[PDB]
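Just so you know, structure 1 and structure 2 below are the same protein chain in two forms, each on its own as C-alpha cells.
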Structure 1
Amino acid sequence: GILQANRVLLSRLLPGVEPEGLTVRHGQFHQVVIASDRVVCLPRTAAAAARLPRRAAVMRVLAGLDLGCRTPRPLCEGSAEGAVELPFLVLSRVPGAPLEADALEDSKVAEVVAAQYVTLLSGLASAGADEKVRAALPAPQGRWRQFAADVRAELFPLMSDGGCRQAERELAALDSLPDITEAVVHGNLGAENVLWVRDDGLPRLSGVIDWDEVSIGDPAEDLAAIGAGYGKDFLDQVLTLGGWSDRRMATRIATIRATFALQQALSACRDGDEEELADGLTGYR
C-alpha cells in the first residue's frame, strides 16, 4: 500500500484523516494522494524528489496565468523552489467534475463549453509568447520523433503485428510535423482533466488538473486531445471560435490526434496503470 508505506508523513500533512479512506492516482515520477481539499505528491524515486522544486515553481507560474479557470495551487512556501529535493508537494484540489460527451448533444451547451475551452486555450497560447513563462517551463526539441521511439520501445512488445502496423503509419506522420514551441501546452488535456460545475446552470469551467506534462509546445497537441475525446464536430466549433481552423493547424491536429491513444497507453505503461493501459491499447492487440 502506497498509503500504508507513507502513513506517518500523511498523518502530519493531513492531521486526523484516516489514510485508508484516501485515494491515489499514479504518476510517472510521483504518486498523488487525494484528500478532500488538497493533493499530496509523493516522489517515487530520488530523481522524482529532485524534480518537485521545479514542479512547485511551474505550478506557481500556472496559478498566475489568465486561463479563465482554476489550477492546482502549490501550498508550499516559495523558498521550496530553491531546494535540491522535496519529500512531498501539496497542491490545492480543483472543484468540479468531467463533462461526459453526451452533454454536448445539446447545441447551446456545446457552444458554452467550446467558448470556455477557447478562453483556456487562448490564455495558454498567449502565455507561451511570454518570455518569463517560456523560461520557467520545459521546452524539449524533437519530442515527436522521440515519442515515436518510446512507443516502439515500450508499447510495441505489448501489441499485435496488426497493431504494430497501425501504429507505424500513425508514428511516421509525426516526423513531418513542424517542431512548434509557441504555446503553453497542458499535454494531457483529455476530458477527465477538465472540470466543470453544473449545479446552478449551463456548464462552467471550474479548472484543469494533471499538469505533469506541461511544456512550451504546439497548441495542436491540446486541441487533438479535445478532438480525441469529443470528436470532429465539437472540435471544429472550438477551432472556429478560437480562430484556429486554418488548414495548417488542422493538419497538425489530425496527425497528433491519431497518436493520442498511444500517448495515453505510454503514460499508463510508465505510471503502472493497468486498466488505463488496456484501454489505450484497444485496437492494437
Structure 2
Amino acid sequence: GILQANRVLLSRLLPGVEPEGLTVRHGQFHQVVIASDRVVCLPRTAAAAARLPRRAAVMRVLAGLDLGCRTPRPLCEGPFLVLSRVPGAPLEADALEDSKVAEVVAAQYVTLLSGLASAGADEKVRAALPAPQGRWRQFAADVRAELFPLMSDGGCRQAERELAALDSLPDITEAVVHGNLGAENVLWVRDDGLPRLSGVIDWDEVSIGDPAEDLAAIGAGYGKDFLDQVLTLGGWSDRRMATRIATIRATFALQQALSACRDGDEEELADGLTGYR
C-alpha cells in the first residue's frame, strides 16, 4: 500500500499521526495523502516527480495573489509537496434557489474572477504559470485521433461543428484561469449566516488563458440563470464574451471523454460520449 510504503516520510511530515487513519486520493500525476489540515502530494511517475518543483512554485504564486479567498499554500517540499487544506464544503446547486444566497454567492465569484483577471498581468504569475499556444487546436486534434473512432457518424458531425468553432476563439492569455472551476472545487463556510467563500482547490489545470473558460465552468455547474447573474454583476455580459463562453462550454463533454479515454475510465468515457454515439 501507499500509506505503509511512505510511512517514514509521513511520520516526519505528520508526527504521531497514525498513517492507517489517513486517506489517499489517486490523481493522474500524484497520490494525495489527506490529513486533517494538509495533504501530501507524491508523484506517480518520474515525469510528475520532475514537474513537482514547478507545481510548488505555481502554488506559492497563487498563495500570494489577492483572490478574495484561500488557496492550498505550500508548507513543505522535499520527492513530495505538502499543501494546506482549504476548509469548508461545496455549495449545493439547490442553495441558489434562495435569491439572497444567490446574490452573495454571485458577488463572491465576481471577486474571485476579478482577482484572477488582475493577476494575469502580474510577472510572478506570467512567468511561473503555463501559457500553452493553441491549446484548443491541440484539443481538436486529440479529439479527432482519439474519440472520432468511438463516435457515430452523426456524433462526428456534431463534434466537428464544436471543434470548428474553437477556431473562432482568439488565443487569449490575459487572466489566471483555474481551468476546472466546477462547484466541487469551490469551498464555502455554511450555517453561519449566508454562505461565505472559504477558498478554491484543484489547481492542476491552472494557466494563463481566457477567463471565459472559468465562466463556462460556473455555468456548467450551476446553470445559465446563475452564470447570467455573475456576468451582469461583473460587467462581463457582452456578446463577444458570451460567444467564447458557449464555444468553450460545448467542449466539456468531449474533454471528459478524452480524459476518460486516456485514463481507462469506462464510466466517464460513456458519460462523456452520450449523444456522440
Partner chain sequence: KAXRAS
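Only residues modelled in both forms are compared. Residue numbering: structure 1 sequence, from 1. Whichever C-alpha set is largest while still superposing within 1.5 Å between the two forms counts as the rigid core.
Chemist: Do you reckon the form solved without its partner chain is 1 or 2?
Modeler: It is the first structure (the form solved without its partner chain) rather than the second.
Chemist: Which is the one residue in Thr119, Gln166, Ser92, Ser206 whose C-alpha moves 2 Å or more between structure 1 and structure 2, relative to the superposed rigid core?
Modeler: Single residue meeting the criterion: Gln166.
Chemist: Would the C-alpha of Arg152 be classed as shifted by 2 Å or more between structure 1 and structure 2 after rigid-core alignment?
Modeler: Superposed on the core, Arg152 moves its C-alpha 2 Å or more between structure 1 and structure 2.
Chemist: Is the shift of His26 between structure 1 and structure 2 large enough to count as movement, that is, does its C-alpha move by 2 Å or more after the core is superposed?
Modeler: Yes, its C-alpha moves 2 Å or more.
Chemist: Using a rigid core fit, what is the CA shift at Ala278 between structure 1 and structure 2, in angstrom?
Modeler: Here the C-alpha difference is 5.1 Å.
Chemist: Relative to the superposed core, report the C-alpha shift of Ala48 between structure 1 and structure 2 in angstrom.
Modeler: Here the C-alpha difference is 0.3 Å.
Chemist: Can you list, in sequence order, the runs of 3 or more consecutive shared residues with C-alpha shifts of 2 Å or more between structure 1 and structure 2 on the rigid core?
Modeler: These are the shifted runs between structure 1 and structure 2: 1-28, 148-172, 261-285.
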